[PDB]
Amino acid sequence: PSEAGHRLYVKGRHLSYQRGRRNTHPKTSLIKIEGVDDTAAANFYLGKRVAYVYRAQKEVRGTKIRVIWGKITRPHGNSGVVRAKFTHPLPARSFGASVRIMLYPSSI
Amino acid sequence: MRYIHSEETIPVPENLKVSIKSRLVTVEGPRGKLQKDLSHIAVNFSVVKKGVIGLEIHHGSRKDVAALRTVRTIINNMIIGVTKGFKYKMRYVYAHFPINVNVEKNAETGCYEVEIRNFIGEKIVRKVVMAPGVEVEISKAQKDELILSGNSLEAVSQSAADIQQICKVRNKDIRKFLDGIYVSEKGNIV
Amino acid sequence: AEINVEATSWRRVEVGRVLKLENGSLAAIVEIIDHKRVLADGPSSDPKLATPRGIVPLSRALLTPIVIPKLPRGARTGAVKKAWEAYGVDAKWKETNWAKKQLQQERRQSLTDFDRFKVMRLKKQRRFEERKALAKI
Amino acid sequence: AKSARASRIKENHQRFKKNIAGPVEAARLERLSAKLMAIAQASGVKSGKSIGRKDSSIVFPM
Amino acid sequence: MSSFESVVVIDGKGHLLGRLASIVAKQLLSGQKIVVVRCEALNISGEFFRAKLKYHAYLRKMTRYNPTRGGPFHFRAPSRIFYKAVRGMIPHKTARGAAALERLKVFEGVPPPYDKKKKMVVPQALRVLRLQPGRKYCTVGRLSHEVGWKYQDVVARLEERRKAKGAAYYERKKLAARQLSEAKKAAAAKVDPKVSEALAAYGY
Amino acid sequence: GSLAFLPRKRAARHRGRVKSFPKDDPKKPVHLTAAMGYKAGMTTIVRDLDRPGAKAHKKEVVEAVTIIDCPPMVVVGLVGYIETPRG
Amino acid sequence: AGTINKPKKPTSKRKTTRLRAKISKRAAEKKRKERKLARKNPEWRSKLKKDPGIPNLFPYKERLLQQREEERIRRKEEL
Amino acid sequence: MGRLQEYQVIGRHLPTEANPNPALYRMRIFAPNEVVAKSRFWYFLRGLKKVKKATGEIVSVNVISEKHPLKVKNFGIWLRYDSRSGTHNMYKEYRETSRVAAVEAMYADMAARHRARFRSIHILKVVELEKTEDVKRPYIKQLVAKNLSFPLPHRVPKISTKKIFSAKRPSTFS
RNA sequence: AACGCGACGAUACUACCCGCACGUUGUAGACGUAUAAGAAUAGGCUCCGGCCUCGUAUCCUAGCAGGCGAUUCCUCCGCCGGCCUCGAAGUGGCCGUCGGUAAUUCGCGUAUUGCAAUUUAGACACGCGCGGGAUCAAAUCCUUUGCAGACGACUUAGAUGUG
């Protein structure tokens, strides 16, 4: 009875794309990491890896869970929000969904 | 101009108990007890001497220290009401139609009721219900006069104003029709 | 004539009141500039509680229950120093509840991962004893 | 003409309600309720004394 | 500290309407589920006749041909007033705005499902922390009751019952806390001095 | 017409509903509020009028009256309602 | 008035662009007319203006006036 | 306004054959930097005398600072400001630790109370009041009242602005 | 409100409830998704000693994704029942059985997924199965009625009867 958790990642929320008043740039996404509130806390996570884990209907190679991979690039603003760059831009319906921030590559 | 400090004092007589909670003020004395909330005014209460209560304000404005004046006067009015009481002496006069005033006290709600009849010969009966804690009597010292006494000056004065306002003429001449109930004397029971 | 009054009990800004700064430091008021800024000095020998003489805002400050009794207004660093070790401000600060809370926070922050595991194990033992005690009553 | 929603008219109606219709309808209701009464009287869990459970939403599903 | 929860319950008592609506709307669009209670205890800065005048102008605003469809539906409940504020602050004419409106729930009073849950508070919208002490303010409950809300008294009675139950709960909680403190002293004697000193050095 | 009887629609139900019972207080005796009947017709009567102040006072007036067949109703149930913030 | 119970039609603060321009051109025209009348100027202009003087609430007014006097005599004797 | 320090600027008309060794004027001004110091120096000399930047040179610019900026002083500022009606004299007082701080407060107070601007304000004379008797304004005078001590009622706690939700209702007492 | 809600009646197949096998079944988005006083903020809380900037708090938190056995422990969970409780859109307490359980220490197993690849693991919903219990209904068309009616619609009647 281990009765404990198994989380090795930090929770995060995909908020929106990099955008101006009208134009939006799906290349870069905005991620709010759980617990980070300033640029130094963001600087800790620049370079860390980020995964968007969702589910589809058809199983391809043993699973229905798809993943979109990316990494944290640079802090955004002063509130701890970060910019993330993925292999593919996030689906847009995912504005408000969870992203997993994994601590690798690690520098500590 | 943001005056740093302003202070004022109410002296409390030897025979009263002034219990003040956060901004609730309750005064007990021989006449009875009166309670009032002044939570709408920013003020600090303290004890400066043996029988002196200090009300104080910090970093306030001129309006704020004026409110301090108002609070001091209200608390002193409560104290003197609980010591000496408050008495309004009213007179009813008429030209042709005598005004009939009946005073009754009912067990329910513990209030007094004043019934006024035959004002300018009118067939309407005018009922005025006194606030709780104010006693009204037909006193046999002068004629056509009514004594309205109590502990709360506000209640006493408002009851007097209610009677005076309920007996007022309409569509007549102010200079010719001179009948009604008027406040003649104001003071203390003791 | 008995009056029962319980409104507030504030701590006054005054010459000799020592106040805490968000660096965790202490500084005694030596002069009052306005209702928002004062002149203060921390001459404490402890580097963690030392504060250079200067202007401090009361918004950034927090008033501790320690007051140096009779140091003159506008006293320079030497006088504030002599008053500080004469009154023993550091010992009273250490005995205050705020300093204990800060020390607990510092220990919990400096606590490592193996230390976290040992903390959990020891808390489990102490909790076994606490549950035994609570079951009886 | 005074409106049907005039304050003085409402006060007169209140007095009339309280001093005539009140007593009349009270006596009428006493008699009628008397006739109604005449016609009418013409373990906890396993007994029903303890009121237990018979047989969209307000909360978010977890 | 920017914490994510299943759903946060906000006790609307003492909160400024627009600021609480702004925070709630941002959380909804970020993906947090919110539940606001005591919208009747919400507050609006300014004076009560100012709020009542604003609501009466809102009542003026009406569609001409057929009020039944298309017309501005004037809701008289404080929960629906708060909902109107939040809806005006989010883009309700998009699927994302509709999703945020579906993460938002609002009630009058504290329903029994939420009377036993922890009610949070937002410091950025608290009246005692935001308003200058001399300024005036009004309550959305008074505004709703004066503009046509029919259920002020029922909500007041239900709140009184809930508070009596809460008083009983708090008596039980005080008894439990006394028992917990006693046990901790008794058990301390029967714990190894090493565990205690170790925990004290570690800050526990 | 009057804008108070609009949306000039057919009645949703043939029976017709009360929509408001008189307010209740515990001090009055226990009684029922409403009843039912079937319109049979209407007829003419003569009443010895006692309307003090009327010109037909202490006189015979001819009036039209409606007659409602009212067989006794049977009680077959009891419903209980609670007060909620929604009604 | 019964403004609280029955407010009237609001006075829109949404500026229209037809007027937001009229006011700009009218301001420009007013500035031009001001400059033209200042050019005309059938009224004398002097060189020295009325100096209001030193405020009397200044606590060192006596010393400043004394310095002014001594400077006057020094300049007069030197020149 | 901004960050200011005291500047003395000395300047002179360019030497000529007719008038060698010119008058060598000097004055003290308040500027964010030496560029603005020189610009307003030439502005004031153009306004007063017949010296322009083209025919003049800056002999010296020197940063003068406060002798004792760790001690509290009262300053009296006599100034001119021009509004739509004309130029007005004002004397105000500021309780600060330096002349630059006093002028900071003066510009802020002018902007807040009379909507005056930097080019609309002329600073004639800023003085350090020697004795307490020299204070004429009741606010600084109540600040220099004897045995001054006051509380701080209704202090809103400084809560981190990203701490959106809190479990305990905050207190405004300490 | 024809995309607001409630109570009650009767519900043949279907599947109406239960047990547990799952689903190459859906989800505006589990991963400890843990935490109920009320009330004031120019005051409050309490164990009556005292305490209150501060939720960077409290609980919980170790074991092949959490095995097997032992020393030792009566602690924390869980399911059923019994008594009661909760109606604002309905749940929790105590007791009882049975089931699991590092508060201390130890032994036997983890390898090879090969240097990372969502740690496919939660919830609610719906479907398809098994073996246990329960039940054997209505509406529409049609004829009829005129309390209704442009036509739909509506009030009625049609199984033996006060038809």
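Atoms considered below: every heavy atom in the structure, side chains included; atoms not considered: hydrogens, waters and symmetry mates. Just so it is clear: chains get the letters A, B, ... in the order the sequence lines come, proteins before strands, and each one is counted from 1.
The P atoms of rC59(I) and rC77(I) are separated by 14 Å, rounded to the nearest whole Å. Nucleotides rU56(I) and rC20(I), compared at atom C1', are 47 Å apart to the nearest Å. Atom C1' of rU120(I) sits at a distance of 13 Å from the matching atom of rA65(I), rounded to the whole Å. Atom P of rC98(I) sits at a distance of 42 Å from the matching atom of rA89(I), rounded to the whole Å. Comparing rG9(I) with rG4(I), their P atoms are spaced 27 Å from each other, to the whole Å. Comparing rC51(I) with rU91(I), their P atoms are spaced 44 Å from each other, to the whole Å. Between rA88(I) and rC84(I), the two P atoms lie 23 Å apart (nearest whole Å). Across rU85(I) and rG93(I), the matching P atoms stand 16 Å from one another, rounded to whole Å.
Of the inter-residue distances, the one linking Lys13(E) atom NZ with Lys119(E) atom NZ reads 13.0 Å to the nearest 0.5 angstrom. Remark: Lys32(A) NZ to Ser2(E) OG distance equals 4.0 Å, nearest 0.5 Å.
Judged by ring centres under 5.5 angstrom apart and ring planes under 30 degrees, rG87(I) does not stack on its strand neighbour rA88(I). Legend: stacked base step between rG26(I) and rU27(I); six-membered ring centres less than 5.5 Å apart, planes less than 30° apart. Without both centres closer than 5.5 angstrom and planes tilted by less than 30 degrees, the six-membered rings of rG158(I) and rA159(I) do not count as a stacked pair.
Taken together, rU110(I) and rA102(I) fail the test for a Watson-Crick or G-U wobble pair, since the two needed distances are not both under 3.5 Å. Judged by the 3.5 Å cutoff on both pairing distances, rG96(I) and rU11(I) do not qualify as a Watson-Crick or G-U wobble pair. Using the rule of two distances under 3.5 Å, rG23(I) and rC126(I) count as a Watson-Crick or G-U wobble pair. A canonical Watson-Crick pair (purine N1 to pyrimidine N3 plus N6-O4 or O6-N4) or a G-U wobble (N1-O2 and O6-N3), each contact under 3.5 Å, is absent between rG6(I) and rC108(I). Entry note: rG107(I) and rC68(I) meet the pairing test, Watson-Crick or G-U wobble at under 3.5 angstrom for both distances. Pairing status of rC106(I) against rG69(I): a Watson-Crick or G-U wobble pair, both distances under 3.5 Å. The bases of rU25(I) and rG109(I) do not line up as a Watson-Crick or G-U pair with both contact lengths under 3.5 Å. Between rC59(I) and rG32(I) there is a base pair of the Watson-Crick or G-U wobble kind, both of its two distances falling under 3.5 Å. Pairing check for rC124(I) against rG26(I): the Watson-Crick or wobble criterion is satisfied, both distances under 3.5 Å. Base pair annotation for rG78(I) with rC98(I): paired, by the Watson-Crick or G-U wobble rule (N1-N3 plus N6-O4 or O6-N4, or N1-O2 plus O6-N3, under 3.5 Å).
In terms of the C1'-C2'-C3'-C4' torsion, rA89(I) has a south-puckered sugar. The angle is below zero. Pucker assignment for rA28(I) gives south. The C1'-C2'-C3'-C4' angle has a negative sign. The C1'-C2'-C3'-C4' torsion of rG131(I) is negative, which assigns its sugar to the south, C2'-endo side. Going by the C1'-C2'-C3'-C4' torsion, the sugar of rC18(I) sits on the north side, since that angle is positive. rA138(I) has a positive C1'-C2'-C3'-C4' torsion, placing its sugar in the north range.
OP1 or OP2 of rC31(I) sits under 4.0 Å from a side-chain N or O of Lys11(A). For the OP1/OP2 pair of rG90(I) and a distance below 4.0 Å, the side-chain nitrogens and oxygens of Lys54(D) include no atom meeting the criterion. Between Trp69(A) and the phosphate of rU118(I), there is a side-chain N or O to OP1/OP2 separation shorter than 4.0 Å. Between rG43(I) and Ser22(B), a contact under 4.0 Å exists linking OP1 or OP2 to a side-chain N or O. Residue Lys116(E) places no side-chain N or O under 4.0 Å from the OP1 or OP2 atom of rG90(I). Using a 4.0 Å cut-off, some side-chain N or O of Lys64(A) falls inside it from OP1 or OP2 of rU25(I). Not one side-chain nitrogen or oxygen of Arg55(A) sits closer than 4.0 Å to the OP1 or OP2 atom of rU24(I). Within the 4.0 Å cut-off from OP1 or OP2 of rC52(I), not a single side-chain nitrogen or oxygen of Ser174(H) is found. The phosphate of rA42(I) has neither OP1 nor OP2 within less than 4.0 Å of any side-chain N or O from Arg155(H). Within the structure, every side-chain polar atom (N or O) of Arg169(H) is placed at least 4.0 Å from both OP1 and OP2 of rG44(I). Distances shown here put every side-chain N or O of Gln102(C) at or beyond 4.0 Å from the OP1 or OP2 atom of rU56(I). The side chain of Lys174(E) places an N or O atom within less than 4.0 Å of a non-bridging phosphate oxygen (OP1 or OP2) of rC47(I).
At least one donor-acceptor pair under 3.5 Å links the side chain of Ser110(C) to the backbone N or O of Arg107(C). Using a distance-only test at 3.5 Å, with no hydrogens or angles considered, no donor-acceptor pair links the side chain of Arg103(E) to the main chain of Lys33(E).
A cation-pi contact, defined as under 6.0 Å to the ring centre and within 45° of the axis, is absent between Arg131(C) and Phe128(C). Annotation: cation-pi pair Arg49(A)/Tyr104(A) absent, no NZ/CZ under 6.0 Å from the ring centroid and within 45° of its normal. Geometric assessment of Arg127(E) against the ring of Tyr137(E) yields a positive cation-pi assignment under the 6.0 Å and 45° thresholds.
Between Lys168(H) atom NZ and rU56(I) atom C1' there is a gap of 15 Å when expressed in whole angstrom units. A straight line from CZ of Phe4(E) to P of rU33(I) spans 17 Å, rounded to a whole angstrom. For the pair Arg131(C) CZ and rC60(I) P, the interatomic distance rounds to 5 Å; values are reported in whole Å. In this structure, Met102(A) places its CE atom 7 Å from P of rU119(I), rounding to the nearest Å. Here the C1' atom of nucleotide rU56(I) and the CZ atom of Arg107(C) are 16 Å apart, to the nearest Å. We find that NE2 of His14(F) is positioned 12 Å from P of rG149(I), with the value rounded to whole Å. Distance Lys101(C) NZ to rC51(I) P: 15 Å, rounded to the nearest Å. Between the OH atom of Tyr52(A) and the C1' atom of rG29(I) there is a distance of 6 Å, rounded to whole Å.
Under the 6.0 Å cut-off for aromatic ring centres, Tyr52(A) and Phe86(A) do not qualify, their centroids lying 6.0 Å or more apart. The six-membered or imidazole ring of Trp10(C) lies near that of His58(B), with a centre-to-centre distance under 6.0 Å.
In terms of position on RNA chain I, the residue among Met120(C) and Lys46(D) whose nearest nucleotide sits closer to the 5' end is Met120(C). Heavy-atom nearest nucleotides on RNA chain I were determined for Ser56(D) and for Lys33(E), and the one closer to the 5' end corresponds to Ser56(D).
Residue contacts for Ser171(H): at a heavy-atom cut-off of 4.0 Å it reaches a base atom on one of the strands shown.
Per the stacking criterion (ring centres < 5.5 Å, plane angle < 30°), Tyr114(E) does not stack onto the base of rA36(I). Ring-base stacking between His6(A) and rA65(I) is satisfied, the centre separation being under 5.5 Å and the plane angle under 30°.
The closest side-chain heavy-atom distance from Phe165(H) to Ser3(E) is not below 4.5 Å.
If you check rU120(I) for Watson-Crick or wobble pairing at under 3.5 angstrom, you find it has no partner at all.
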